[PDB]
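Colleague:
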Amino acid sequence: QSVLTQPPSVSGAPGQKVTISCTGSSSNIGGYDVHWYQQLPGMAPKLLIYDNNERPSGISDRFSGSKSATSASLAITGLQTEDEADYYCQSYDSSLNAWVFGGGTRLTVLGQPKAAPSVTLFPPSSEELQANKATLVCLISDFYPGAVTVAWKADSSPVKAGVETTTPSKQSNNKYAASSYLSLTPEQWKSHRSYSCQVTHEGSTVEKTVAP
Amino acid sequence: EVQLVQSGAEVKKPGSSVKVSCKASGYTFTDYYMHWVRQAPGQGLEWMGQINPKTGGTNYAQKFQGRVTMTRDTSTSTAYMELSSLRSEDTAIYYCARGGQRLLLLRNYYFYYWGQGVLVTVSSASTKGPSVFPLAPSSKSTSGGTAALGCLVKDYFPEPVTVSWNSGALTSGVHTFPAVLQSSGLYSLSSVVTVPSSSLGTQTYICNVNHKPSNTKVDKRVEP
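And the structure:
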């Protein structure tokens, strides 16, 4: 899928160093220079490093690149909240005769206090039930950092079917929000004592449950 | 100074074809190769190919060989990328990015100048207005409280929808969540509003949901 290889994610406290690896082969990095792009959310990729270690005008010296044999590396010092973005390496492959990219590394800057999520669980409305559908809605908010997993139970038994969960999204207050939906038949809704939405955050669990 | 201005954002059906444009200004169009780079949402960058603006000559990435046509209109300084036989996995942001100078034997191969990118959404789904359902106040899930009530905006296509409360009069304590995409190919979202318990029965709460693509407006009163 992607010819160059990067770690999917790195993270750091403000002020610290992070390093992002880009691994290739003799057919790409072994023969060609490596360039690096910083993609802020909603933006086109922005050239961050070119020709292994050069910076475009405007790019801070906190960003440095290096290349070695068949890999390349992007070093970031004095990590800032502004550095939160996706980082891509790029080169060219002579075997493929094609430009090649790394799969990207998501950098998170831990610029807020850790916070457990608030969890609100809504039962199906009578209107949806009359449409012979049923959706439980689990709303998760004000957690930090922005990574949760959601587990649904019917009574005590887990349900994986019909579960749809958004990725976390940054609120206006810089904490995160997410939602999870459990689709049921109205029969399924009525035929259990309860349904639970369990949200796991940093190895801690917050749970809400509702009942017909 | 140099600007790459893109167009062609849309929602397509699988099997169809899309043509995205990239108009170059601020330099002599014919002096630099033009490249196309796609990015499926949440995913990485994918080189599609390049075009020589002077000659019209092209080189396509392997993956797209059977399906892509890159052209140029030198008189409008515009490069075109047409992708055919679209399927859902062609859902992506399509960027044009300027390459190295055409005549140079050893030219640069990073991308400094990018177009803003154009979203192409490929889905079998047809335009569908949402069903709106009230999320009746669960008093025992807002510790402290207050209490949160809301509106579920279910099964619409395509994005976006917008929601307000009380025709926009109520704005505080309002949280409208990012939509989710379901197996049906349809989207759903919720909007919730955190509110003083004693004010539940004294008004009250009406969610106004606008889905422009389907010309649907729903005003849902949420009773406790």
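These protein sequence lines map, in sequence, to chains L and H.
Numbered per PDB author numbering, the first sequence spans residues 1 to 9, 11 to 27, 27A to 27B, 28 to 95, 95A to 95B, 96 to 106, 106A, 107 to 208.
Numbered per PDB author numbering, the second sequence spans residues 1 to 52, 52A, 53 to 82, 82A to 82C, 83 to 100, 100A to 100G, 101 to 213.
Note that CB positions come from ideal geometry on N, CA and C, so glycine has one too.
Using a Cβ-Cβ cutoff of less than 8 Å, which residues in the same chain neighbour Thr20(L) once the five nearest sequence positions on both sides are dropped?
Modeller: Position 19 of the first sequence, counted from the start, is the residue given in the question as residue 20(L). Closer than 8 Å at Cβ, skipping near neighbours: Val11, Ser72, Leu73, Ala74 and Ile75.
Colleague: Nearest by alpha-carbon distance to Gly100(L): which of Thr24(L), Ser190(L), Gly16(L) and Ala68(L) is it?
Modeller: Reading the first sequence from its first residue, position 103 is the one you call residue 100(L). Ranking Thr24(L), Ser190(L), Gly16(L) and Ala68(L) by Cα distance to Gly100(L) puts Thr24(L) first.
Colleague: From which residue to which residue does the beta strand (DSSP E) around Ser120(H) run?
Modeller: Here residue 120(H) refers to the residue found at position 131 when the second sequence is read from its first residue. That run of the beta strand (DSSP E) goes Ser120 to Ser127.
Colleague: Sort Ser27A(L), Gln126(L) and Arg54(L) by Cα distance to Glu183(L) and report the nearest one.
Modeller: For the purposes of this step, residue 183(L) is taken as the residue at position 187 of the first sequence. Of the candidates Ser27A(L), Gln126(L) and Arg54(L), the one whose C-alpha sits nearest the C-alpha of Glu183(L) is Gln126(L).
Colleague: Buried or exposed for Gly162(H), please, with buried defined as at least 16 other CB atoms from any protein chain shown within 10 angstroms of its CB.
Modeller: Start at 1 with the first residue of the second sequence, and residue 162(H) comes out as number 173. Looking at its Cβ environment, which holds fewer than 16 other Cβ atoms inside 10 Å, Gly162(H) is exposed.
Colleague: At the 8 Å Cβ level, is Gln89(L) part of the contact set with chain H, yes or no?
Modeller: Locating residue 89(L) in the first sequence gives position 90, counting from the first residue. Nearest CB-CB separation between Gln89(L) and chain H: below the 8 Å threshold.
Colleague: Would you verify that the beta carbon of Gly64(L) is, or is not, closer than 8 Å to some beta carbon of chain H?
Modeller: Translated into positions along the first sequence, residue 64(L) becomes position 65. It does not: the Cβ of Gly64(L) has no partner Cβ on chain H nearer than 8 Å.
Colleague: Excluding sequence positions up to five away, which residues of its chain have a Cβ less than 8 Å from the Cβ of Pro167(H)?
Modeller: Walking along the second sequence from the start, residue 167(H) turns up at place 178. Counting only Cβ-Cβ distances below 8 Å, and skipping sequence neighbours, we find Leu178.
Colleague: How about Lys209(H) and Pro149(H): are their beta carbons less than 8 Å apart?
Modeller: Within the second sequence, numbered from 1, the residue matching residue 209(H) stands at position 220. Within the second sequence, numbered from 1, the residue matching residue 149(H) stands at position 160. No, the Cβ-Cβ distance between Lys209(H) and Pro149(H) is not below 8 Å.
Colleague: Can you list, in chain order, the residues of its chain with a C-beta nearer than 6 Å to that of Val115(L)? Leave out the 5 residues immediately preceding and following it.
Modeller: As a position in the first sequence, residue 115(L) is number 119, starting the count at 1. Closer than 6 Å at the Cβ level, and outside the excluded window around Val115(L), lie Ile136, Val195, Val202 and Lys204.
Colleague: Under 8 Å, Cβ to Cβ, is there at least one residue of chain H near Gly100(L)?
Modeller: Here residue 100(L) refers to the residue found at position 103 of the first sequence. Taking Cβ atoms only, chain H reaches closer than 8 Å to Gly100(L), which makes this a yes.
Colleague: Taking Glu160(L) as part of the alpha helix (DSSP H), name the residues at either end of that continuous run.
Modeller: Residue mapping note: residue 160(L) aligns to position 164 of the first sequence, counting from 1. That residue, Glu160(L), is in no alpha helix (DSSP H); its beta strand (DSSP E) goes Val159 to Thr161.
Colleague: Determine the direct distance from the alpha carbon of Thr131(L) to that of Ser175(L), and round the result to whole angstroms.
Modeller: In the first sequence, counting from the first residue as 1, residue 175(L) sits at position 179. In the first sequence, counting from the first residue as 1, residue 131(L) sits at position 135. CA-to-CA, the gap between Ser175(L) and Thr131(L) works out to about 12 Å.
Colleague: Helix, strand or coil, according to DSSP, for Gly42(H) in the structure here?
Modeller: Mapped onto the second sequence, residue 42(H) falls at position 42. Here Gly42(H) sits in coil by DSSP.
Colleague: Apply the 10 Å Cβ neighbour rule to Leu78(L) and answer buried if 16 or more other Cβ atoms are within range, or exposed otherwise.
Modeller: Here residue 78(L) refers to the residue found at position 79 of the first sequence. Counting of Cβ neighbours within 10 angstroms places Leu78(L) among the buried residues, the total reaching 16 or more.
Colleague: Does any C-beta atom of chain L lie closer than 8 Å to the C-beta of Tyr100F(H)?
Modeller: Walking along the second sequence from the start, residue 100F(H) turns up at place 110. It does; some Cβ of chain L falls within 8 Å.
Colleague: Closer than 8 Å between beta carbons: that is the criterion. Which residues of the stretch 112-133 of chain H meet it against chain L?
Modeller: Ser120, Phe122, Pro123, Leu124, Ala125, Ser127, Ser130 and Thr131
Colleague: Taking the alpha helix (DSSP H) that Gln184(L) belongs to, which residues open and close that run?
Modeller: Position 188 of the first sequence holds residue 184(L). For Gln184(L), the enclosing alpha helix (DSSP H) has its first and last residue at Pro182 to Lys186.
Colleague: Under a Cβ-count criterion, where at least 16 other Cβ atoms within 10 Å of its own Cβ denotes burial, should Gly65(H) be classed as buried or exposed?
Modeller: Here residue 65(H) refers to the residue found at position 66 of the second sequence. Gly65(H) is exposed by the Cβ-count criterion.
Colleague: Please identify, using Cβ separations under 8 Å, the residues of the stretch 48-63 of chain L that lie next to chain H, in order along the chain.
Modeller: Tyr49, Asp50 and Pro55
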